[PDB]
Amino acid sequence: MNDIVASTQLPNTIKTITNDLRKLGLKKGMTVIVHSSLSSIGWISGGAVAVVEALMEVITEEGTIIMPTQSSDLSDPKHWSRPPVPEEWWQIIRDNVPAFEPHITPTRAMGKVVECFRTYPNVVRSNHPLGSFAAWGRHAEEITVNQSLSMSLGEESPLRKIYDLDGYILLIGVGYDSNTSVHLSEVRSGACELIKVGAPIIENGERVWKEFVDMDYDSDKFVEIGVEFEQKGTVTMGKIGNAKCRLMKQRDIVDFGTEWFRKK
């Protein structure tokens, strides 16, 4: 934090961030899925609240803001490795981890901007216990309704709904490994194996551990895909404070990713 204020010239505010967003190409009425590192921007007056307000100010309620709200800590620990936990714990975990409830369950590894966004009034969250998304604005409901349990990031997911809307991806101080949309590419290309997974959900007031099938999503190759992707020169670079940012069309990178995976 001292290091954060030391590397900032002037405070970042809703105003300067709004300014930065516009200069990068974000504009009123866009559909945008946002991925962020708060700290990467520099010191901000109002922290995560400023970033969220700045985004809503640029996009407005006539546009749509989306952010991933994953909650991987609800998953079956059979498959954990960062870190793993003892096998003797696994059935205890399956019988005791609390059910997902959209209005309550914290995200994991999404960031403070997402934790703040998902709590705002009028923000709605899809119902997936592991791979949910939150959305605000014109298409918030359409984007978040009826996510499939199996194939969570596939053709019935919010990622597909953003695709159909010809939306944008905004990366703030993070790389392609945070670019959730490329999972749609994985799905389309068959680039991962299916695995037996589980997660806790509420079925009419009762907690149930639900078993389902999903792709073993792996962001391994996303960074390499982004490098090759940016050689076609359709990604806007720009800064929000100290942060290196990227604005791109979601269909561009999803279509590119699908072909990339197919070539292997």
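Residues carry their position along the shown sequence, with the first being 1.
Between the two ranges 139-147 and 76-84, the one averaging a larger CA B factor in the entry: Taking the mean B-factor of the alpha carbons in each, 76-84 is higher.
Is the mean CA B factor in the deposited entry higher across 204-212 or across 33-41? Going by the record's values, the stretch with the higher mean is 204-212.
Taking the C-alpha B-factors as the PDB entry records them, is residue 193 in the lowest, middle or highest third of its chain? According to the entry, residue 193 has a C-alpha B-factor in the chain's highest third.
Among the modelled residues of this chain, does the Cα B factor of residue 89 put it in the lowest, middle or highest third? CA B-factor rank for residue 89: highest third.
Among the modelled residues of this chain, does the Cα B factor of residue 59 put it in the lowest, middle or highest third? Middle third.
Comparing against every modelled residue in the chain, figure out the third that the C-alpha B-factor of residue 237 lands in (lowest, middle or highest). Highest third.
If you rank the chain by CA B-factor, which third does residue 51 end up in: lowest, middle or highest? According to the entry, residue 51 has a C-alpha B-factor in the chain's lowest third.
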